[PDB]
file start25.pdb (PDB, C-alpha atoms and all ligand atoms)
ATOM      1  CA  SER A   7     -36.219  43.197 -34.127
ATOM      2  CA  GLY A   8     -37.231  41.225 -31.013
ATOM      3  CA  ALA A   9     -40.074  39.553 -29.194
ATOM      4  CA  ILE A  10     -41.284  38.487 -25.719
ATOM      5  CA  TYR A  11     -42.132  34.783 -25.144
ATOM      6  CA  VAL A  12     -44.471  34.170 -22.217
ATOM      7  CA  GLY A  13     -46.587  31.007 -21.911
ATOM      8  CA  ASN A  14     -48.167  30.172 -25.275
ATOM      9  CA  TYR A  15     -47.826  33.797 -26.520
ATOM     10  CA  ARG A  16     -45.321  35.776 -28.599
ATOM     11  CA  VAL A  17     -45.470  39.589 -28.209
ATOM     12  CA  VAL A  18     -43.994  41.589 -31.109
ATOM     13  CA  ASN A  19     -44.161  45.141 -32.519
ATOM     14  CA  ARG A  20     -47.340  45.095 -34.682
ATOM     15  CA  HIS A  21     -45.370  46.814 -37.561
ATOM     16  CA  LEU A  22     -42.827  43.968 -37.547
ATOM     17  CA  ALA A  23     -45.340  41.071 -37.231
ATOM     18  CA  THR A  24     -44.760  38.297 -39.784
ATOM     19  CA  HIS A  25     -47.286  36.342 -41.894
ATOM     20  CA  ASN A  26     -47.186  33.503 -39.218
ATOM     21  CA  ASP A  27     -47.916  36.039 -36.433
ATOM     22  CA  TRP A  28     -51.007  37.265 -38.332
ATOM     23  CA  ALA A  29     -52.117  33.667 -39.136
ATOM     24  CA  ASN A  30     -51.949  32.821 -35.348
ATOM     25  CA  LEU A  31     -53.316  36.169 -34.136
ATOM     26  CA  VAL A  32     -54.533  36.398 -30.526
ATOM     27  CA  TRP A  33     -54.812  40.231 -30.106
ATOM     28  CA  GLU A  34     -53.491  43.388 -31.826
ATOM     29  CA  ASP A  35     -53.784  47.112 -31.170
ATOM     30  CA  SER A  36     -52.591  49.567 -33.880
ATOM     31  CA  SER A  37     -52.693  52.488 -31.414
ATOM     32  CA  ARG A  38     -50.199  50.583 -29.160
ATOM     33  CA  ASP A  39     -47.999  49.087 -31.950
ATOM     34  CA  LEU A  40     -48.492  45.650 -30.329
ATOM     35  CA  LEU A  41     -49.468  42.251 -31.702
ATOM     36  CA  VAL A  42     -49.648  38.972 -29.817
ATOM     37  CA  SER A  43     -49.613  35.586 -31.611
ATOM     38  CA  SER A  44     -49.957  32.061 -30.280
ATOM     39  CA  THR A  45     -46.992  29.645 -30.096
ATOM     40  CA  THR A  46     -46.650  25.856 -29.860
ATOM     41  CA  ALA A  47     -43.565  25.981 -27.591
ATOM     42  CA  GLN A  48     -43.955  27.270 -24.014
ATOM     43  CA  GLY A  49     -42.125  30.540 -23.360
ATOM     44  CA  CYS A  50     -40.652  31.405 -19.994
ATOM     45  CA  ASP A  51     -40.074  35.124 -19.938
ATOM     46  CA  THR A  52     -41.608  36.916 -16.846
ATOM     47  CA  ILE A  53     -43.820  40.010 -17.314
ATOM     48  CA  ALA A  54     -43.397  42.730 -14.655
ATOM     49  CA  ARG A  55     -46.524  43.737 -12.647
ATOM     50  CA  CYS A  56     -45.489  47.054 -11.131
ATOM     51  CA  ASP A  57     -45.234  50.841 -11.600
ATOM     52  CA  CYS A  58     -41.398  50.985 -11.930
ATOM     53  CA  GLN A  59     -40.013  53.971 -13.773
ATOM     54  CA  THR A  60     -36.401  52.708 -13.932
ATOM     55  CA  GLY A  61     -35.069  49.744 -15.891
ATOM     56  CA  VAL A  62     -32.599  48.577 -18.582
ATOM     57  CA  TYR A  63     -33.203  48.212 -22.329
ATOM     58  CA  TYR A  64     -31.351  46.419 -25.071
ATOM     59  CA  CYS A  65     -30.148  48.652 -27.939
ATOM     60  CA  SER A  66     -29.208  46.548 -30.970
ATOM     61  CA  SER A  67     -27.679  49.551 -32.813
ATOM     62  CA  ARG A  68     -25.034  49.762 -30.035
ATOM     63  CA  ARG A  69     -24.922  45.974 -28.993
ATOM     64  CA  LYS A  70     -25.418  47.335 -25.430
ATOM     65  CA  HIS A  71     -27.883  47.554 -22.625
ATOM     66  CA  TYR A  72     -28.578  50.930 -21.084
ATOM     67  CA  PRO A  73     -30.151  51.860 -17.724
ATOM     68  CA  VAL A  74     -32.867  54.540 -17.996
ATOM     69  CA  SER A  75     -35.634  56.374 -16.228
ATOM     70  CA  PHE A  76     -38.911  56.304 -18.188
ATOM     71  CA  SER A  77     -42.314  57.948 -18.023
ATOM     72  CA  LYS A  78     -45.516  56.057 -16.948
ATOM     73  CA  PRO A  79     -47.603  54.665 -19.902
ATOM     74  CA  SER A  80     -49.487  57.495 -21.587
ATOM     75  CA  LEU A  81     -51.076  58.801 -24.868
ATOM     76  CA  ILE A  82     -48.300  60.519 -26.896
ATOM     77  CA  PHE A  83     -48.228  62.070 -30.384
ATOM     78  CA  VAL A  84     -45.838  60.091 -32.594
ATOM     79  CA  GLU A  85     -44.528  61.301 -35.972
ATOM     80  CA  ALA A  86     -45.070  59.296 -39.170
ATOM     81  CA  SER A  87     -42.834  56.598 -40.623
ATOM     82  CA  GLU A  88     -43.345  54.173 -43.527
ATOM     83  CA  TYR A  89     -45.424  52.016 -41.075
ATOM     84  CA  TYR A  90     -47.930  54.525 -39.718
ATOM     85  CA  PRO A  91     -49.127  58.099 -40.362
ATOM     86  CA  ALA A  92     -48.507  60.557 -37.449
ATOM     87  CA  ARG A  93     -51.008  59.629 -34.689
ATOM     88  CA  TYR A  94     -51.457  59.369 -30.920
ATOM     89  CA  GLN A  95     -49.881  56.122 -29.617
ATOM     90  CA  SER A  96     -51.338  54.822 -26.367
ATOM     91  CA  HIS A  97     -49.600  53.058 -23.454
ATOM     92  CA  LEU A  98     -46.235  54.554 -24.517
ATOM     93  CA  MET A  99     -43.327  55.275 -22.113
ATOM     94  CA  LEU A 100     -40.431  57.624 -23.055
ATOM     95  CA  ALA A 101     -36.850  57.726 -21.857
ATOM     96  CA  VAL A 102     -33.723  59.643 -22.852
ATOM     97  CA  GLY A 103     -31.524  57.267 -24.796
ATOM     98  CA  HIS A 104     -30.289  56.233 -28.182
ATOM     99  CA  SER A 105     -32.426  54.259 -30.662
ATOM    100  CA  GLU A 106     -32.843  53.701 -34.417
ATOM    101  CA  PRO A 107     -35.770  52.040 -36.297
ATOM    102  CA  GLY A 108     -34.191  48.574 -36.217
ATOM    103  CA  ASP A 109     -33.940  48.729 -32.432
ATOM    104  CA  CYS A 110     -37.731  48.055 -32.254
ATOM    105  CA  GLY A 111     -38.368  44.874 -30.351
ATOM    106  CA  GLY A 112     -35.578  45.436 -27.838
ATOM    107  CA  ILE A 113     -36.814  44.607 -24.337
ATOM    108  CA  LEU A 114     -37.053  47.038 -21.409
ATOM    109  CA  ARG A 115     -36.799  45.172 -18.075
ATOM    110  CA  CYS A 116     -37.024  46.262 -14.447
ATOM    111  CA  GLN A 117     -36.325  44.313 -11.293
ATOM    112  CA  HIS A 118     -39.804  42.555 -11.647
ATOM    113  CA  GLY A 119     -39.465  41.388 -15.278
ATOM    114  CA  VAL A 120     -40.339  42.548 -18.812
ATOM    115  CA  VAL A 121     -41.823  46.049 -18.926
ATOM    116  CA  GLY A 122     -42.219  46.589 -22.678
ATOM    117  CA  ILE A 123     -40.500  46.766 -26.071
ATOM    118  CA  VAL A 124     -38.839  49.535 -28.091
ATOM    119  CA  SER A 125     -41.435  51.023 -30.471
ATOM    120  CA  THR A 126     -40.611  54.685 -31.302
ATOM    121  CA  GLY A 127     -37.717  57.139 -31.056
ATOM    122  CA  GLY A 128     -35.790  60.081 -32.377
ATOM    123  CA  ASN A 129     -34.164  63.329 -31.133
ATOM    124  CA  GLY A 130     -32.392  61.374 -28.332
ATOM    125  CA  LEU A 131     -35.575  59.813 -26.953
ATOM    126  CA  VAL A 132     -36.665  56.139 -27.044
ATOM    127  CA  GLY A 133     -40.254  55.058 -26.654
ATOM    128  CA  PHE A 134     -41.430  51.702 -25.293
ATOM    129  CA  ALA A 135     -44.784  50.018 -25.736
ATOM    130  CA  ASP A 136     -45.864  48.889 -22.257
ATOM    131  CA  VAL A 137     -47.051  45.281 -21.694
ATOM    132  CA  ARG A 138     -47.480  45.313 -17.864
ATOM    133  CA  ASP A 139     -51.218  45.891 -18.022
ATOM    134  CA  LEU A 140     -51.818  42.750 -20.204
ATOM    135  CA  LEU A 141     -52.637  40.516 -17.285
ATOM    136  CA  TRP A 142     -53.949  37.762 -19.573
ATOM    137  CA  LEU A 143     -50.418  37.043 -20.931
ATOM    138  CA  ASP A 144     -49.861  34.856 -17.783
ATOM    139  CA  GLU A 145     -53.076  32.820 -17.987
TER     140      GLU A 145
HETATM  141  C1  LIG B 201     -44.738  52.824 -33.631
HETATM  142  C2  LIG B 201     -44.345  53.641 -34.805
HETATM  143  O1  LIG B 201     -44.963  54.849 -34.926
HETATM  144  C3  LIG B 201     -44.569  55.282 -36.146
HETATM  145  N1  LIG B 201     -43.790  54.492 -36.778
HETATM  146  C4  LIG B 201     -43.593  53.426 -35.902
HETATM  147  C5  LIG B 201     -42.769  52.222 -36.274
HETATM  148  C6  LIG B 201     -41.374  52.547 -36.803
HETATM  149  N2  LIG B 201     -40.495  53.095 -35.774
HETATM  150  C7  LIG B 201     -39.545  53.973 -36.085
HETATM  151  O2  LIG B 201     -39.477  54.552 -37.175
HETATM  152  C8  LIG B 201     -38.553  54.244 -35.032
HETATM  153  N3  LIG B 201     -38.475  53.461 -33.951
HETATM  154  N4  LIG B 201     -37.376  53.901 -33.258
HETATM  155  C9  LIG B 201     -36.925  53.157 -32.083
HETATM  156  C10 LIG B 201     -36.766  54.948 -33.880
HETATM  157  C11 LIG B 201     -35.620  55.657 -33.565
HETATM  158  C12 LIG B 201     -35.230  56.682 -34.423
HETATM  159  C13 LIG B 201     -35.975  56.983 -35.564
HETATM  160  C14 LIG B 201     -37.107  56.258 -35.885
HETATM  161  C15 LIG B 201     -37.510  55.220 -35.032
HETATM  162 ZN    ZN B 202     -40.862  46.799 -11.826
END

call {"tool": "encode", "arguments": {"input": "start25.pdb", "output": "structure tokens"}}
result
Amino acid sequence: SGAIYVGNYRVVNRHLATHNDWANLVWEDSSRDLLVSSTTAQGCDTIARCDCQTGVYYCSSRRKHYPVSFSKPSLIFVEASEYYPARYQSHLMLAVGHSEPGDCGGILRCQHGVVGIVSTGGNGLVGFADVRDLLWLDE
């Protein structure tokens, strides 16, 4: 689990969005596994605006943060789970690292701010849904 709080928005994995997230829907993209809902409280996370390929992510299944190198956001085939059939996921970044399903929502951060959230994984790889292109999160 996990979310990003920036301005009047909450960014979550679309497969983990709650009934309240869907009732306050701002934008969602199934191919990205992202959903953004509106909030009453102002959030103060900072979204990175950069092309970094190194950063640190939180891994709840190890209670640890790990530094990784990751690929630029791209269209990648992702195997099925109970939440989606196998399909191409867009704006996905991969790194070598540990993850389990419940690690979704863990934040990846570089020196500039939040890069994305854990979304996929397996075989020693962890995939992150990028948020750096969503310029509207700051306005
Ligand atoms: C976005 C997406 O695509 C398909 N199902 C999902 C959503 C469900 N995701 C997973 O099942 C999953 N997430 N991570 C980090 C893992 C690590 C090891 C094994 C499985 C997973
Ligand atoms: Zn950066």

call {"tool": "residues_around", "arguments": {"input": "start25.pdb", "residues": "stretch 127-129 of chain A", "least_positions_apart": "2", "cutoff": "9 Å", "atoms": "only C-alpha atoms", "output": "JSON, numbers by chain"}}
result
{"A": [84, 100, 103, 104, 105, 106, 107, 124, 125, 131, 132, 133, 134]}

call {"tool": "resolve_selection", "arguments": {"input": "start25.pdb", "expression": "the PyMOL selection byres (((chain A and resi 86-99) around 7) and not hetatm)", "output": "list in words"}}
result
residues 21, 37, 38, 76, 77, 78, 79, 80, 81, 82, 83, 84, 85, 100, 101, 133, 134, 135 and 136 of chain A

call {"tool": "residues_around", "arguments": {"input": "start25.pdb", "residues": "stretch 59-61 of chain A", "least_positions_apart": "5", "cutoff": "6 Å", "atoms": "all atoms listed in the file", "output": "MDAnalysis selection string"}}
result
chainID A and resid 73:76 115:116

call {"tool": "resolve_selection", "arguments": {"input": "start25.pdb", "expression": "the PyMOL selection byres (((chain A and resi 26-31) around 8) and not hetatm)", "output": "number ranges by chain"}}
result
A: 23-25, 32-34, 41-45

call {"tool": "closest_residue", "arguments": {"input": "start25.pdb", "among": "A:17, A:53, A:47, A:9", "to": "ligand ZN 202 (chain B)", "atoms": "all atoms listed in the file"}}
result
A:53

call {"tool": "atom_distance", "arguments": {"input": "start25.pdb", "atom1": "atom CA of residue A:14", "atom2": "atom CA of residue A:52"}}
result
12.6 Å

call {"tool": "residues_around", "arguments": {"input": "start25.pdb", "residues": "stretch 67-70 of chain A", "least_positions_apart": "2", "cutoff": "8 Å", "atoms": "all atoms listed in the file", "output": "list in words"}}
result
residues 64, 65, 72, 105, 106, 108 and 109 of chain A

call {"tool": "closest_residue", "arguments": {"input": "start25.pdb", "among": "A:140, A:102, A:123, A:50", "to": "residue A:63", "atoms": "only C-alpha atoms"}}
result
A:123

call {"tool": "atom_distance", "arguments": {"input": "start25.pdb", "atom1": "atom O2 of ligand LIG 201 (chain B)", "atom2": "atom CA of residue A:35"}}
result
17.2 Å

call {"tool": "closest_residue", "arguments": {"input": "start25.pdb", "among": "A:48, A:16, A:71, A:111", "to": "ligand LIG 201 (chain B)", "atoms": "all atoms listed in the file"}}
result
A:111

call {"tool": "closest_residue", "arguments": {"input": "start25.pdb", "among": "A:58, A:145, A:51, A:66", "to": "ligand LIG 201 (chain B)", "atoms": "all atoms listed in the file"}}
result
A:66

call {"tool": "residues_near_ligand", "arguments": {"input": "start25.pdb", "ligand": "ligand ZN 202 (chain B)", "cutoff": "7 Å", "atoms": "all atoms listed in the file", "output": "ChimeraX atom specification"}}
result
/A:54-58,116-119

call {"tool": "write_last_selection", "arguments": {"input": "start25.pdb", "atoms": "C-alpha atoms", "output": "compact mmCIF listing (two decimals), keeping the file's coordinate frame"}}
result
# COMPACT_ATOMS: atom_id res chain seq x y z
CA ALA A 54 -43.40 42.73 -14.66
CA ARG A 55 -46.52 43.74 -12.65
CA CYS A 56 -45.49 47.05 -11.13
CA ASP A 57 -45.23 50.84 -11.60
CA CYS A 58 -41.40 50.98 -11.93
CA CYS A 116 -37.02 46.26 -14.45
CA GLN A 117 -36.33 44.31 -11.29
CA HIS A 118 -39.80 42.56 -11.65
CA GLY A 119 -39.47 41.39 -15.28
